[PDB]
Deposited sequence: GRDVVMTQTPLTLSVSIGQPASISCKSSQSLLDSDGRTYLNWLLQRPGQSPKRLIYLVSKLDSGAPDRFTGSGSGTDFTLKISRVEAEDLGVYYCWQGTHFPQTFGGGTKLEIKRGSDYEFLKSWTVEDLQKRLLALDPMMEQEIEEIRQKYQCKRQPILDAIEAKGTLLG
């Protein structure tokens, strides 16, 4: 039977600087026969691919800031943000790798409860992140209209009179 990862809360609205806490509860113990517990935490910033913050319950990814702490055991796991900054906003996912299928939590959206309090660098990063979001929406529209053209294009080609 597939392991179900129940992640809470679904949405968490915070002010910058406030702490945060995300919970992930497994329907089955995540302890492997080799003694390790394969439980990862990921953060998907808007317009970005998922990014690993924690592996093996508590090990901090070398590309993640020191404001995340992973903990837990067996079926109950927790991710805590000491202080929420602009970089930390996005959707968080817990990911268990002990059992196959290696299933994900449902996601936790960390959003803001205002730009006057933001540093120039944080405003710039927020501006920069909009570019990948825009081009991805454009690519989905181009694929959408590729689908709509296909039956018409094939009907036109089927009316040709050449052998090739």
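S.K.: Relative to the deposited sequence numbered from 1, which residue ranges are unmodelled?
M.R.: In the chain as deposited, 1, 115-120 carry no coordinates.
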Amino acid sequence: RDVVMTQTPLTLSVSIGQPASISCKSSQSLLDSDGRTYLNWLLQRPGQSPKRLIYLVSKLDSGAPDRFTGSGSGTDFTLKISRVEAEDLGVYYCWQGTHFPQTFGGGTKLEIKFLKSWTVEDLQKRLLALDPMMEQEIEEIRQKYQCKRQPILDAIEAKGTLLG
From here on, numbers count along this sequence of modelled residues.
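S.K.: If you average the CA temperature factors as listed in the entry, which stretch comes out higher, 26-34 or 96-104?
M.R.: Comparing averages over the C-alpha atoms only gives 26-34.
S.K.: Quick check: 42-50 versus 114-122, which has the larger average CA B-factor in the record?
M.R.: Averaging CA B-factors over each stretch, the winner is 114-122.
S.K.: Select lowest, middle or highest to describe the third in which the CA B-factor of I152 falls within its chain in this entry.
M.R.: According to the entry, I152 has a C-alpha B-factor in the chain's middle third.
S.K.: Name the third of the chain's ranked CA B-factors that contains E135, choosing lowest, middle or highest.
M.R.: Answer is middle: the recorded C-alpha B-factor places it there.
S.K.: Which third, lowest, middle or highest, does the CA B-factor of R67 fall in along this chain?
M.R.: Highest third, going by the recorded CA B-factors of the chain.
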